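Protein chains in written order, with PDB author numbering: chain L, 1 to 214; chain A, 1 to 454; chain B, 1 to 466; chain H, 1 to 134, 138 to 219.
Backbone N, C-alpha and C define an ideal beta-carbon position, used for all residues, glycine too.
Let me begin by presenting the structure, written as structure tokens, before commenting on it.
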Ligand SMILES: *[C@@H]1O[C@H](CO)[C@@H](O[C@@H]2O[C@H](CO)[C@@H](O[C@@H]3O[C@H](CO[C@H]4O[C@H](CO)[C@@H](O)[C@H](O)[C@@H]4O)[C@@H](O)[C@H](O[C@H]4O[C@H](CO)[C@@H](O)[C@H](O)[C@@H]4O)[C@@H]3O)[C@H](O)[C@H]2NC(C)=O)[C@H](O)[C@H]1NC(C)=O
Ligand SMILES: *[C@@H]1O[C@H](CO)[C@@H](O[C@@H]2O[C@H](CO)[C@@H](O)[C@H](O)[C@H]2NC(C)=O)[C@H](O)[C@H]1NC(C)=O
Ligand SMILES: *[C@@H]1O[C@H](CO)[C@@H](O)[C@H](O)[C@H]1NC(C)=O
Ligand SMILES: [Ca+2]
Ligand SMILES: [Ca+2]
Ligand SMILES: [Ca+2]
Ligand SMILES: [Ca+2]
Ligand SMILES: [Ca+2]
Ligand SMILES: [Ca+2]
Ligand SMILES: [Cl-]
Ligand SMILES: [Mg+2]
């Protein structure tokens, strides 16, 4: 099959910029390539076919170019609506194959996360379970690492992470990390911590509490 | 009656190009009339015949004409794990031309096509193709509705149904007033013949170079058939349009099928969904009834009448003998919903092998008496066999049975003078509609200007 | 008493004869003033008119050549006679008429040419197998009818050009059957194979080496082949003095004039021979199929009898074409041509079962009428053709010529010929409208108004310029 | 106007089979190829196969040979994708696609059909309040929703009242069951001053529990 290596996997840019997404095929495909757009939580719309041809209805700020095995989608003067996912697809050969995709993201000034830890609820505990939750809210950029420590030692098992899409108001990201232990196991220890590693600081932002103590 | 046969105007193309094989009047966006001329054997780039088209400005002195350029290069596209191929050698570009609004359509009925897939193929066949141009803007498009990407084995496994490989789309052509291009494709569906229709606007907007196989969604094609009466009928050898169902919002199609029903021949009138409204049957086998059709109201009642040419009709003569001379049939359209009947008038040629009825051109109203008139060609007619065109005037009861005027070919033997004809347009703006006559055997076109009645 | 001869009050011997074929003229000097010199011959002698001064031509017909009908068409280099008499002299005076006879014989043991022209598209493969012995078998049956048989062979498929011909892949050009599991010949239009010969095993052996080809559309190019077999006389080998049978076998519809445009061919067929030393029809890809009218013209010109031997599925088609090409015969061919011998024998019988007179170069002012005697001395008026004849039969026609007035040219000849026959009757006509005494007239005669006039045939005529 | 309208989300068990539909709107399904494409968050986009509805001829990626069967009924202007012997990995969104002009292109897309293959029974969520631990000017509470199936759930604060400054994170699959959580932020003076409640509705089991956040 023909492999489609699409780059970059994501980019942070701003309204008005001129940006270019590239696509490289594992062999010549003579312009038999399409470009697609997927808006957050919606279906796909076709942008380009056969290398350079606008799909009916697509604004001309979109343009396609390239030949042989290398192609590019270019968007002149980004509009608010243009922040979404983009994919290339080759149809020189069956099976049709797709690029890995590219996500356009809103650029903004860096911002450290607001960390919050929450011990197991009484209800849960009385049911036999124990979940320690940790929120990391409104940070930028998106790249972040969370580490859980029980009594000072790192813990990896039983961790469940969830991320939101860039926020519509402030253009920041948030994350949720949950550590789940059995009630019994949760009581074998005292100290619970989650460390947030972000580029906005060389020191991990730390938050923790001690069971029983309060 | 009043065409001037003394001061003609001559246009000429390259030797051997068959300049004049087809022609039409063309009006630019300003209403300026020019003449578009097909020359289906004009040499291409590889010193090989591909055909070509010429756009002749009007000048009393005639002369040479600039080319209307179209892409003459063979194309290849590897896509979908297949190899698509066009072959333009001997395609006969300009074997038909027609003008509508400020657009020109020139067809290459013998353009070949093939699709390769590993060791298999569609088969290299003459699907035909049409080229479109808007001269003033330089816009170009193409339309080739019989191109397909099915492999040979699939047709065999499916008993050769819906087989459009030998269409020769563009063999004949016409455009409705609303701008729908209608193509005759006599080879369609394994030589039954088919029609293909699509709005000119959609042809332009859906076309891009290099694609080769693309969808024109508003297009509409006619249908295959299991009825042997249709086999090898060349339905679409000729085509025309007119109003024949009394409802002015529908356009009806007229289709010649000269070898219909074991070469009896036929002409059919259809609605725009290809549903048959009437069928006229040929009178004599092999006469090629349906070779040409014309639509015009000749008796001034506002209802379109139909003329049909059968250029090989053999007339009965003394001593149980038959003489091939050709014949034209006029059918007057009756008031309201009713069948066209027997012919209202039979016109029969006189010169042996003359092919009277090989072309029939509406003239509009030549002598300005309130009735529309026609010209009929006999390309090998006349006392010298060089070719004649005969003018017949309309009248309250149909047409006059005797020609009001006869134009003898000004060209040498073999010119095929009259093989193509077009009338009903006033090219010199003198208030009388004029006649252009193609003589492809001589690579020339003659213009006859109508003058005040003497 | 007075008649139209006298009552008409003529002015000259010439005007007299023109009154009625019964009128006569007296050029005698000694004739009473009141006595008319234009009257019945009986009345002139009755009035003492010198017998030598009587002008009275009589329409007559005398035979000049009257060879007897042959009993056998064998032997000779065609000193055979099948029409009698062969030449006669016919004299007619104004408005008169005369009758004569013609005998026509369908002679026994007349030579025969049979050229077998065969569809070799793929569905005729089995047919090719079953006629490998036809040459000798046909010789056996025809021997009963003629002792001078020649036969020959030619074959056709269709114009070797797209879309009739498969043109891809390249292998398909060299072997059209490639995508099947066999080999067949590259496509050919028409090829001549065996010139007419009396050596019948040459036919068997040529046929055994023939093979089929393959093409795309059902109608075939046989009409191209009929035309060439017809107009390439020398190559096909037709003989001057023989029945010509052209046997056309196919199981399919046929292409016709104006079909060629589907292959980009618009040049009308020129009716000329285009088969050269390679024995293939070289204008196949550049010239349209021939029209029925053109075929008719050439067939008639070369005296070829065309036989459509076709399968049940297209017999009606060819019967209908046959009605548009008079003289053509149709027979039903089985799906493998296994019955083609009897078909040919029956066709030959039907061909020589008719006599049909034809007139050529008949002067405008002459009209003819015919009474036919066919079968058994049964006269059939207003008929000039006999049917249901057998080889050896003889028929005859009574003919009457009627001249209107008197034409400017006093001598014309015309021909009466049976359709398809070599021999004919030449009628040499002489219009006797003048008087012998005119050749000795007297211009500016002392007797005529002091030289103002001319004295001829015993009367004064106004001279030239008056 | 060209629209491809696909059937609704499916919810099936492993080993079973399901048949999706794609109905042409504003056009004849017989006009072009119709393709099917599979999308997953990790694996991305994958071409399954195509069908020419005019004649029923299909092509497939060999990977999907066996599981995928593509069909079409020109009568109901519809095309189908049947999946068999379903598995967890068959969990994804499926799109039907057709070209605009180019015979071979991929220009028009249906809205997509979500497929979820699970053994999980319809289970109601456990809602746990998240009060901070025993200072600043801003305060943050939370709500944990654990062990429910299938999706989705609606989560609000004070019945949609408190809206601004709220984060509800995308559910995540935990051992055949889903877990989701939401955070909210206000000023110290607001809480525990003002009662804040967590409203969670799970229509599937038709349950609308609401936990009020209480300090420790
Ligand atoms: C070879 O040539 C023959 C002879 O021309 C063709 O045979 C004729 O074919 C036509 C068309 O099918 C037939 O026309 C029909 O005539 C019918 C009445 O004819 C009767 O009487 C004749 C007397 O000779 C009989 O032979 C015949 O059997 C009938 O008993 C009409 O009833 C038909 O009318 C219907 O169809 C016409 C359209 O064609 C409509 O206009 C009418 O409204 C109606 O629907 C019809 O007109 C004709 O009968 C045939 N004649 C003979 C002698 O058979 C062959 O077709 C032709 N073959 C080939 C392959 O070329
Ligand atoms: C052909 O036969 C007709 C009779 O059917 C002949 O006509 C008759 O000829 C005789 C001759 O004495 C006349 O007396 C009759 O009056 C004629 N009858 C008619 C006019 O029907 C005729 O002579 C024959 N013609 C030829 C050329 O032999
Ligand atoms: C003409 O007819 C007569 C009978 O009326 C016949 O006796 C005579 O022989 C015929 N003339 C010729 C020359 O055949
Ligand atoms: Ca209408
Ligand atoms: Ca009318
Ligand atoms: Ca008029
Ligand atoms: Ca004019
Ligand atoms: Ca056979
Ligand atoms: Ca053929
Ligand atoms: Cl064949
Ligand atoms: Mg055949």
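Requested in this report: Output, in chain order, the set of chain A residues within a Cβ distance shorter than 8 Å of residue 58/H.
Outcome: Here residue 58/H is taken as the residue at index 58 of the fourth chain, counted from 1. Within 8 Å Cβ-Cβ: nothing; residue 58/H doesn't reach chain A, min ~13 Å.
Query - Beta carbon nearer than 7 Å to a non-hydrogen atom of ligand 3 - result: 61/B, 99/B, 100/B, 101/B, 398/B
Query raised in the report: Along chain A, which residues have their Cβ under 9 Å away from the Cβ of residue 93/L?
Result: Numbered from its first residue, the first chain carries residue 93/L at position 93. Under the 9 Å cutoff, chain A gives 78, 79, 80, 81.
Report task. State yes or no: is the C-beta of residue 175/A within less than 8 Å of the C-beta of residue 255/A? Result -> The residue given as residue 175/A occupies position 175 in the second chain. The residue given as residue 255/A occupies position 255 in the second chain. Their beta carbons are not under 8 Å apart, which means residue 175/A does not touch residue 255/A by this criterion.
Report task. Within its chain, find whatever has a CB closer than 7 Å to the CB of residue 405/B; leave out the 5 residues flanking it on each side and keep chain order. Result -> For the purposes of this step, residue 405/B is taken as the residue at position 405 of the third chain. Contacts found: 94, 95, 365.
Query raised in the report: Should residue 109/H be listed as close to ligand 1, given that the test is whether its C-beta is under 7 Å from any heavy atom?
Result: Position 109 of the fourth chain, counted from the first residue, corresponds to residue 109/H. Checking every heavy atom of ligand 1 against the Cβ of residue 109/H, none is found closer than 7 Å.
Requested in this report: State the CB to CB distance for the pair residue 117/H and residue 81/H, rounded to an integer number of angstroms; the pair is presumed to be in contact (CB under 8 Å).
Outcome: Taking the fourth chain and counting its residues from 1, one reaches residue 117/H at position 117. Taking the fourth chain and counting its residues from 1, one reaches residue 81/H at position 81. Residue 117/H to residue 81/H, Cβ: 15 Å. No contact.
**Report entry** Contact residues within the stretch 27 to 61 of chain L, judged by C-beta distance below 7 Å to chain A
**Finding:** 30, 32, 50, 53
Report task. Kindly indicate which three-state DSSP category residue 56/A falls into: helix, strand or coil? Result -> For the purposes of this step, residue 56/A is identified with residue 56 of the second chain, where counting begins at 1. If DSSP states are grouped into helix, strand and coil, residue 56/A belongs with the strands.
Query raised in the report: Should residue 313/B be listed as close to ligand 9, given that the test is whether its C-beta is under 7 Å from any heavy atom?
Result: Taking the third chain and counting its residues from 1, the one referred to as residue 313/B is at position 313. No; taking the cut-off as 7 Å, the Cβ of residue 313/B has no heavy atom of ligand 9 nearer than that.
Report task. On a CA-only basis, which of 38/H, 154/H, 7/H is nearest residue 208/H? Give me that one, please. Result -> Here residue 208/H corresponds to residue number 205 of the fourth chain, with the count starting at 1. The residue with the shortest Cα to Cα distance from residue 208/H is 154/H.
Query raised in the report: Residues in its own chain within less than 7 Å of residue 165/L by CB, not counting five upstream and five downstream?
Result: If you number the first chain from 1, residue 165/L lands on position 165. The answer, listed in chain order, is 40.
**Report entry** Under the three-state DSSP convention, the category residue 117/A falls into
**Finding:** The residue given as residue 117/A occupies position 117 in the second chain. The answer is strand: DSSP assigns residue 117/A an E or B state.
Query raised in the report: Where does residue 108/L sit, in a helix, a strand or coil, going by DSSP?
Result: The residue you call residue 108/L lines up with position 108 of the first chain. Note: residue 108/L maps to coil in three-state DSSP.
Query raised in the report: Can you give the Cα-Cα distance for residue 465/B and residue 445/B, rounded to whole angstroms?
Result: The residue given as residue 465/B occupies position 465 in the third chain. The residue given as residue 445/B occupies position 445 in the third chain. For residue 465/B and residue 445/B, the distance between alpha carbons rounds to 15 Å.
Query raised in the report: Do you know how far the Cα of residue 378/A is from the Cα of residue 318/A?
Result: Against the second chain, residue 318/A aligns to sequence position 318. Against the second chain, residue 378/A aligns to sequence position 378. One C-alpha to the other measures close to 23 Å.
Query raised in the report: Under a Cβ-count criterion, where at least 16 other Cβ atoms within 10 Å of its own Cβ denotes burial, should residue 214/L be classed as buried or exposed?
Result: As a working note, residue 214/L is residue 214 in the first chain. Residue 214/L should be labelled exposed.
Query raised in the report: residue 160/H: buried (16+ other C-beta within 10 angstroms of its C-beta) or exposed?
Result: The sequence position of residue 160/H within the fourth chain is 157, counting from 1. By the 10 Å Cβ count, residue 160/H comes out buried.
Requested in this report: Return helix, strand or coil for residue 145/L, following the three-state DSSP convention.
Outcome: For the purposes of this step, residue 145/L is identified with residue 145 of the first chain, where counting begins at 1. Strand, per DSSP.
Query raised in the report: residue 412/B lies in the alpha helix (DSSP H); which residues open and close that run?
Result: In the third chain, residue 412/B corresponds to position 412, counting from 1. Looking at the DSSP string, residue 412/B is not in any alpha helix (DSSP H); the run it does join, the beta strand (DSSP E), is 411 to 418.
Query raised in the report: Run through DSSP, which three-state label would residue 362/A get?
Result: In the second chain, counting from the first residue as 1, residue 362/A sits at position 362. Looking at residue 362/A - three-state DSSP - the assignment turns out to be strand.
Query raised in the report: Does the Cβ of residue 190/L have 16 or more other Cβ atoms within 10 Å, making it buried, or fewer, making it exposed?
Result: Locating residue 190/L in the first chain gives position 190, where the first residue counts as 1. Residue 190/L should be labelled exposed.
Query raised in the report: Between residue 184/B and residue 109/H, what straight-line distance do the alpha-carbon atoms span, to the nearest angstrom?
Result: Translated into positions along the third chain, residue 184/B becomes position 184. Translated into positions along the fourth chain, residue 109/H becomes position 109. Distance between the alpha carbons of residue 184/B and residue 109/H is about 51 Å.
**Report entry** Unbroken alpha helix (DSSP H) run spanning residue 222/B, endpoints
**Finding:** Mapped onto the third chain, residue 222/B falls at position 222. Here the alpha helix (DSSP H) through residue 222/B covers 222 to 231.
Query - Short CB-CB distance (under 8 Å) between residue 283/A and chain B - result: As a first step, residue 283/A must be located in the second chain, where it is residue number 283. Chain B contact via Cβ: absent.
Query raised in the report: Skipping 5 residues on each side, what residues in its chain have a beta carbon closer than 6 Å to that of residue 255/B?
Result: One-based indexing of the third chain puts residue 255/B at position 255. Only 219, 221, 289 meet the Cβ criterion.
Report task. Please go through the same chain and pick out, in chain order, the residues whose beta-carbon is closer than 6 Å to the beta-carbon of residue 126/L, but skip the five residues on each side of it. Result -> To locate residue 126/L, count along the first chain from 1; it is residue 126. Cβ within range, chain order: n/a, list empty.
Query raised in the report: Taking buried to mean at least 16 other C-beta atoms within 10 Å of its own C-beta, is residue 411/B buried or exposed?
Result: Along the third chain, read from residue 1 onward, the residue named residue 411/B stands at position 411. Label assigned to residue 411/B: exposed.
Query - Those residues which DSSP pairs with residue 96/H across a bridge - result: Here residue 96/H refers to the residue found at position 96 of the fourth chain. 36/H, per the DSSP bridge assignment.
Query raised in the report: On the three-state DSSP scale, how would you describe residue 259/B?
Result: Here the question's residue 259/B lines up with position 259 in the third chain. Reduced to three states, the DSSP call for residue 259/B is helix.
Report task. Note down the Cα distance separating residue 142/H from residue 83/L, rounded to an integer number of angstroms. Result -> Along the fourth chain, read from residue 1 onward, the residue named residue 142/H stands at position 139. Along the first chain, read from residue 1 onward, the residue named residue 83/L stands at position 83. The alpha-carbon atoms of residue 142/H and residue 83/L are separated by roughly 32 Å.
Requested in this report: Identify every run of the beta strand (DSSP E) within the stretch 169 to 207 of chain H, keeping only runs that are complete inside it and at least 3 residues long; order them along the chain.
Outcome: Counting only runs of at least 3 residues, the stretch 169 to 207 of chain H fully encloses the following beta strand (DSSP E) elements, listed from N- to C-terminal order: 169 to 171, 175 to 177, 180 to 190, 200 to 205.
Report task. Could you name the residues that DSSP lists as bridge partners for residue 70/L? Result -> Numbered from 1 along the first chain, position 70 holds the residue referred to as residue 70/L. Residue 70/L pairs with 24/L, 67/L.
Requested in this report: Considering only heavy atoms of ligand 1, list every residue whose Cβ is less than 7 Å from one of them, following chain order.
Outcome: Those residues are 262/A, 264/A, 281/A, 285/A, 316/B, 317/B, 319/B, 320/B, given in chain order.
Query raised in the report: Per DSSP, residue 210/L forms a beta bridge with which residues?
Result: Position 210 of the first chain, counting from 1, holds the residue named residue 210/L. The secondary-structure analysis by DSSP pairs residue 210/L across a beta bridge with 191/L.
**Report entry** Amino acids of chain A, ordered along the chain, whose beta-carbon sits closer than 9 Å to that of residue 108/H
**Finding:** Residue numbering aside, residue 108/H sits at position 108 when the fourth chain is read from its first letter. Those do not exist, as residue 108/H stays about 11 Å from chain A at its closest Cβ, beyond 9 Å.
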